Amino acid sequence: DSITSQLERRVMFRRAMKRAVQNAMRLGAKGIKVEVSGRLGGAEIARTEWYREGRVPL
Amino acid sequence: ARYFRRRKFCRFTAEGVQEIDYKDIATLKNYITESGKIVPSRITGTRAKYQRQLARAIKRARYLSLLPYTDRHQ
Amino acid sequence: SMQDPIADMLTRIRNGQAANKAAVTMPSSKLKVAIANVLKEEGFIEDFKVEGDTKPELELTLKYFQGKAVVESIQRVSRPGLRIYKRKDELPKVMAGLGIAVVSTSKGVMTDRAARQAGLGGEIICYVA
Amino acid sequence: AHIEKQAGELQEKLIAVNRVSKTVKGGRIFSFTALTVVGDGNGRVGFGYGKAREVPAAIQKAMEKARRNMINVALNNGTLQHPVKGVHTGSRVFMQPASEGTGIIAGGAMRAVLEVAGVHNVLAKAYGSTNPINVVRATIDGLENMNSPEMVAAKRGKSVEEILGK
Amino acid sequence: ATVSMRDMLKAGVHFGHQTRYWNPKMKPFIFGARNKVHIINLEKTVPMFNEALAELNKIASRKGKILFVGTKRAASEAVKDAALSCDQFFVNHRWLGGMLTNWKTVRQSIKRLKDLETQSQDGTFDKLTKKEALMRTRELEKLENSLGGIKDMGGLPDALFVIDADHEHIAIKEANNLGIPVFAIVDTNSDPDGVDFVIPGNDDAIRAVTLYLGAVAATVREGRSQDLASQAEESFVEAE
Amino acid sequence: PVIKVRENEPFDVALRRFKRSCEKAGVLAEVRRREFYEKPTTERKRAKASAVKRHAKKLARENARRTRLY
RNA sequence: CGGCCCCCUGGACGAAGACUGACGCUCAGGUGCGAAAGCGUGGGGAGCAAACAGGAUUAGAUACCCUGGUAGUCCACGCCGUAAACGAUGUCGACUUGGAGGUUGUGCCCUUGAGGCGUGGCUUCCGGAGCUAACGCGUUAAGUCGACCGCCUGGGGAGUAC
């Protein structure tokens with residue numbers, strides 16, 4: 001919910017996901033994966049990106 | 001004691017045998033097998049001069065039938 | 001074979017310093033002595049010697065500051081076929097005077113500052129960088 | 001910071017930013033590449049090529065390599081008396097001693113770069129490759145040997161280095 | 001002291017070998033061959049060895065942390081012995097690349113090691129399966145061996161104690177960007193070039209390399225001892 | 001190239017290695033191809049080339065020890 | 001540049017004693033001169049082979065592969081010397097840490113080691129100072145230089161046109 005709002009409001013999102021991952025590992029837990037989709041930056045293709053850090057079993 | 005200059009086994013581990021003489025058959029046979037041919041220099045670790053004059057000498061000798069030229073004559 | 005002998009002096013000074021050599025020797029000449037004196041005092045060489053009753057011969061000691069080379073190049077500018085002559089008013093400025101031009105005036109070999117100060121011109125021999 | 005010139009707070013001169021991928025064996029590279037030059041107007045050797053997973057990190061990594069293990073280089077604002085004839089990887093620059101009273105002319109982004117680099121008045125026109133990455137190397141490779149002496153004894157200065165060399 | 005000449009001659013009469021290969025930039029401290037064996041020149045070594053030890057003492061008074069780096073099969077006991085105790089650090093199950101530049105990571109992996117050693121011996125991870133515990137028991141052994149003689153090290157070291165350069169060139173390079181003074185012991189194929197103080201030697205003969213290092217190690221370690229007793233006196237004066 | 005040299009104690013299998021010393025090589029090896037005069041000088045002469053592997057091998061024994069692979 | 005030899009003859013490598021004393025360097029034009037095959041006439045010609053047939057392949061022996069098979073290959077003399085003419089790097093010369101191999105003149109050595117040391121020789125491995133886009137070079141440079149020459153200035157079309 002917090003990440004989706006940034007995109008909703010057409011804010012630049014240059015660091016936003018990277019700081020999502022950082023604040024979550026700063027507040028607790030042992031690992032996070034974030035994957036973001038919805039045409040990043042306004043591209044006219046599908047364009048995803050992702051970041052996983054610590055231990056996330058699958 | 002000083003100045004021996006070639007007693008034995010000194011300068012080199014293998015002797016240079018003849019240079020350019022071709023009238024003795026046994027001096028030549030030091031580098032010719034019974035199969036009837038000259039040995040590569042790589043295999044003996046001979047030095048190149050004594051081998052170069054011998055190539056000439058062994059052929060002078062071959063052409064006079066002092067040696068077999070070819071394996072079919074064993 | 002020998003077509004420029006102040007170029008050969010120079011390359012010996014250059015290479016002397018690149019191989020950490022203490023001294024560098026070559027045949028001597030009048031131009032080579034008059035330069036070696038201006039070079040001693042402005043410390044672009046450390047000292048020199050002259051020897052030979054039969055033929056003269058030149059011994060030189062290299063420039064250092066800390067122990068490894070500090071002079072980038074020493075190259076000659078007026079040479080066999082492109083001899084370059086300058087007037088009193090147009091004597092050059094070499095690295096705001098941290099470097100030298102060695103300058104043959106009619107009054108002899110000196111630096112470009114004493115050559116200017118007399119108000120002579122002449123052949124501008126060799127530069128540092 | 002440390003062995004660095006009297007900069008105060010950092011110069012954040014970003015010249016370029018890019019994103020590169022082979023996409024050959026497991027999808028594209030998500031990483032970005034960054035070019036930044038960091039000076040202080042008085043002379044520094046700071047130049048940083050960096051890369052990271054995302055653009056904020058690429059620039060910040062590139063700036064970090066531009067401010068650590070840099071010597072201070074002690075030229076007088078825009079005047080310099082002893083440059084080097086710059087070559088860096090086929091990209092060639094040719095500075096000489098000069099007034100600051102004349103100003104500096106340079107096209108593209110280079111009149112903004114030369115000023116934070118402190119070498120702007122001494123510069124004269126480039127030749128060879130016109131790659132952004134190696135054309136700005138004037139204050140790095142062009143100062144690898146230098147001085148800017150203010151003493152009246154400047155020609156007995158090298159004499160002074162010689163009798164310390166004895 | 002004169003003692004620095006006694007160790008150097010007693011060790012150095014090995015003359016090396018290293019077949020006939022060697023390196024031209026070492027040439028001055030190399031005496032000419034006696035039939036395709038190389039011979040070290042000791043007579044050129046006596047100014048060298050005396051230069052090197054005198055500089056060791058002055059950093060003795062400055063340091064908390066020593067790194068002995070460059071280890072090899074023939075050098076392992078001498079590197080273990082050179083440290084003697086836990087104010088002096090050494091790697092003997094190998095140095096690894098970036099052990100100083102990424103010291104952040106080392107202090108994390110030491111914190112993993114000491115955590116699994118107290119868990120393992122208490123019994124804390126031994127639950128679930130025996131496989132899951134055993135692959136851990138083995139990685140803890142592997143940390144225990146790799147780190148055992150450096151595990152306590154509270155910080156970046158003051159100096160670098162190099163016993164061979166041939167295989168450990170990265171460790172030298174990175175200590176130089178960290179701005180650390182290097183004290184080097186070189187063989188015939190290594191260069192004297194580009195490092196601050198040299199002992200000319202050779203890498204063969206296990207009898208020389210045990211002694212060179214022992215002389216170097218005694219110097220710094222006993223230097224610290226006599227400086228340390230002075231340091232105490234100097235500070236208790238302040239409060240009186 | 002069963003080789004004329006007689007094997008110690010005669011047998012139906014020739015001890016072809018122990019018989020040969022420099023035979024077939026150069027003489028009966030270049031079968032059914034166009035014979036050149038001077039090509040050996042640049043084609044064959046790789047003695048310099050093999051001398052490098054022999055030095056390298058004598059260097060690496062000391063170096064595996066210095067790495068502690070040994 | 002290669003059967004072996006002789007007839008004619010170059011150039012280089014060492015080494016001492018002596019001699020002359022810048023008689024030097026580079027070089028448009030230039031005369032002389034060919035790896036290989038082209039090529040005219042005389043002497044000669046076993047095998048292989050462009051071409052040419054036919055097989056085999058994939059539709060071209062003339063893509064790929066084989067077999068026959070002709071000019072050719074071979075010599076004497078005679079005609080313009082082409083290319084990948086080079087460690088793809090002109091010349092000659094001065095200067096810049098060297099070790100070791102192959103192998104040779106030669107002082108010294110169980111010439112005990114195609115070795116060592118003493119000093120030249122080509123030739124080759126190795127890497128420093130320096131140089132390079134990169135490989136790579138490095139005392140046989142692609143280093144520091146010196147003088148003078150050759151030669152290049154986007155590609156195709158053109159090594160032809162003119």
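Residues numbered from 1 in each chain as written, not as in the entry; some residues may be left out. Chains lettered and ligands numbered in written order. Part of a larger assembly, values for the part shown. Heavy atoms only, no water.

Engineer: Give a detailed account of the overall build of chain F, specifying residues and quantitative values.
Structural biologist: Across its full length, chain F holds three helices and zero strands. Radius of gyration (C-alpha) of chain F: 20 Å, far over the 11 Å computed for a compact globule of 70 residues. Viewed in the frame of its principal axes, chain F has a C-alpha envelope of about 50 × 40 × 15 Å. For chain F, buried positions account for 16% of its 70 residues. Split by element, the accessible area of chain F, about 6500 Å² in all, is 56% carbon and sulfur. (Helix = DSSP H or I, 4+ residues; strand = E, 2+ residues; numbered from the N terminus. Rg over C-alpha atoms; globule rule 2.2 N^0.38 Å. Buried < 20%, exposed > 50% of the residue type's maximum accessible area, 1.4 Å probe, protein only. Areas by Shrake-Rupley, 256 points an atom, 1.4 Å probe, with all protein chains shown as cover.)

Engineer: Got a sec to walk through the sheet that holds strand β6 (residues 127-128) of chain D? Specific residues and values, please.
Structural biologist: Residues and elements named next belong to chain D. The strand order β4-β5-β6 describes an open sheet built from three strands, whose pairing is antiparallel. Sheet topology places β4 (87-88) and β6 at the edges, where each strand pairs with a single neighbour. In terms of strand pairing, strand β5 (residues 91-92) meets β6 through two bridges, oriented antiparallel. By the bridge assignment, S91 is partnered in β6 with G128. (Pairing = 2+ DSSP bridges.)

Engineer: Lay out the protein's contact with RNA strand G in plain terms, naming residues and giving numbers.
Structural biologist: The full set close to RNA strand G counts 52 residues, and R60(B), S1(C), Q3(C), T11(C) and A33(E) are the nearest of them. Side-chain polar atom of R12(C) to a sugar or linking oxygen of RNA strand G: 3.3 Å apart, as the coordinates give it. A distance of 3.4 Å separates a phosphate oxygen of RNA strand G from a polar atom in the side chain of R79(C). For the surface near RNA strand G, the secondary structure elements donating two or more residues are α3 (48-62) of chain B, α1 (5-18) of chain C together with α3 (47-67) of chain F. In terms of residues, the surface near RNA strand G owes the most to one element, α1(C), which gives six residues. Each residue belonging to the surface near RNA strand G can be placed in one class, and the counts come to 18 nonpolar, 11 polar and 23 charged. (Near = heavy atom within 4 Å. Polar contact = N/O pair within 3.5 Å; in protein donor to acceptor, adjacent residues only side chain to side chain. Nonpolar A, V, L, I, M, F, W, Y, C, P; charged D, E, K, R; others polar.)

Engineer: Could you give an account of the interface of chain C and chain D, naming the residues involved and the relevant values?
Structural biologist: Listed per partner, the contact involves 17 residues of chain C and 16 residues of chain D. Roughly 1600 Å² of surface becomes buried between chain C and chain D when both sides are summed, with 56% attributable to carbon and sulfur atoms. For the chain C face of the interface with chain D, the top three residues by lost area are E46(C), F65(C) and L98(C), together amounting to 38%. Run the count over chain C and chain D and you get seven residue pairs in polar contact. Considered class by class, the residues forming the side of chain C that touches chain D number nine nonpolar, two polar and six charged. (Contact = heavy atoms within 4.5 Å. Buried area = accessible area lost by both parts, 1.4 Å probe.)

Engineer: Could you give an account of the pattern of salt bridges, naming the residues involved and the relevant values?
Structural biologist: This structure, assessed with the given rule, holds 30 salt bridges over all chains. A salt bridge links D112(C) to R113(C); the shortest N-O distance between them is 3.5 Å. Here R113(C) falls in the buried class, since its relative accessible area comes to 16%. With a closest N to O distance of 3.3 Å, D203(E) and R65(F) form a salt bridge. (Salt bridge = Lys/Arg side-chain N within 4 Å of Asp/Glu carboxyl O.)

Engineer: Explain the arrangement of the chains to me, using residue names and the numbers behind them.
Structural biologist: The protein chains that touch form six pairs of chains, and the pair with the most contacts between them is chains C and D. Where chain A comes nearest to chain B, the C-alpha atoms are still 63 Å apart, and the two do not contact one another. You won't find any contact between chain D and chain F; their C-alpha atoms come no closer than 31 Å.

Engineer: So what about unusual backbone geometry? Which residues, and what values?
Structural biologist: Phi is mostly negative for residues that are not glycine, and the peptide bonds are mostly trans. Residues and elements named next belong to chain E. For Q18, which is not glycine, the phi torsion reads 60° and is therefore positive. By relative accessible area, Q18 is classed as buried at 1%. Look at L128: it is not a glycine, yet its phi comes out positive at around 65°. Structurally, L128 is set in the loop between α4 (103-122) and α5 (130-147). We classify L128 as exposed; its relative accessible area is 82%.

Engineer: Outline the side chain of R44(D), supporting the account with residue identities and numerical values.
Structural biologist: Residue and element names in this part refer to chain D. With respect to the secondary-structure elements, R44 resides in the loop between β2 (32-37) and β3 (47-52). A distance of 3.4 Å separates the side chain of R44 from the side chain of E4, its partner in a polar contact. Engagement of the side chain of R44 in a polar contact is seen with the backbone oxygen of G39, the distance being 3.1 Å. Excluding residues within four positions of it along the chain, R44 makes contact with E4, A7, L10, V38, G39, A66, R67, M70, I71, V73, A117 and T139.

Engineer: Can you lay out the environment of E115(D) for me, pointing to particular residues and giving the numbers?
Structural biologist: Residues and elements named next belong to chain D. Along the chain, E115 turns up in helix α2 (residues 110-117). Remark: the alpha-carbon pair of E115 and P56, spanning 59 residues in sequence, is separated by 25 Å. For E115, the residues in contact, after removing those within four places along its chain, are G41 and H120. Here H120 takes part through its side chain, which lies 3.0 Å from a polar atom of the side chain of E115.

Engineer: Mind laying out the environment of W50(A), listing which residues take part and the relevant values?
Structural biologist: Following the sequence through the fold, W50(A) ends up in strand β2 (residues 49-54). Beyond its immediate chain neighbours, meaning those up to four positions away, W50(A) contacts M17(A), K33(A), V34(A), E35(A), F30(D) and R53(D).

Engineer: Lay out a positive patch on the surface with the relevant residues and their values.
Structural biologist: Where like charges cluster on the molecular surface, the positive patch consists of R42(B), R16(F), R17(F), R20(F), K24(F), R44(F), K45(F) and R46(F). Summarising the element assignment, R20(F) is placed in the loop between α1 (16-19) and α2 (40-43). (Patch = residues over 30% accessible without salt bridge, like charges linked within 9 Å, V, L, I, M, F, W, Y side chains within 5 Å. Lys, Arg positive; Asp, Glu negative; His and termini not counted. Charge placed at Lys NZ, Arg CZ, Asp CG, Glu CD.)

Engineer: An account of the domain arrangement of chain C is needed here, citing residue identities and associated values.
Structural biologist: Residues and elements named next belong to chain C. With domains assigned, chain C is organised as domain 1 (1-71) and domain 2 (72-129). Contact with domain 1, which involves 16 residues of that partner, is made by 19 residues of domain 2. With both chains or domains summed, domain 1 and domain 2 bury close to 1400 Å², and 73% of this area falls on carbon and sulfur atoms. The largest contributions to the domain 1 side of the interface with domain 2 come from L10, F44 and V71, which together make up 34% of the buried area. Linking domain 1 with domain 2 are one salt bridge. A salt bridge links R76 to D4, with the shortest nitrogen-to-oxygen separation between them at 2.9 Å. In this structure, the connection of domain 1 to domain 2 is made through four residue pairs in polar contact. Elements that contribute at least two residues to the side of domain 1 that touches domain 2 include exactly α1 and α2 (30-41). For the side of domain 1 that touches domain 2, a count of residues per class yields 12 nonpolar, one polar and three charged. (Domains from an automatic or database assignment.)

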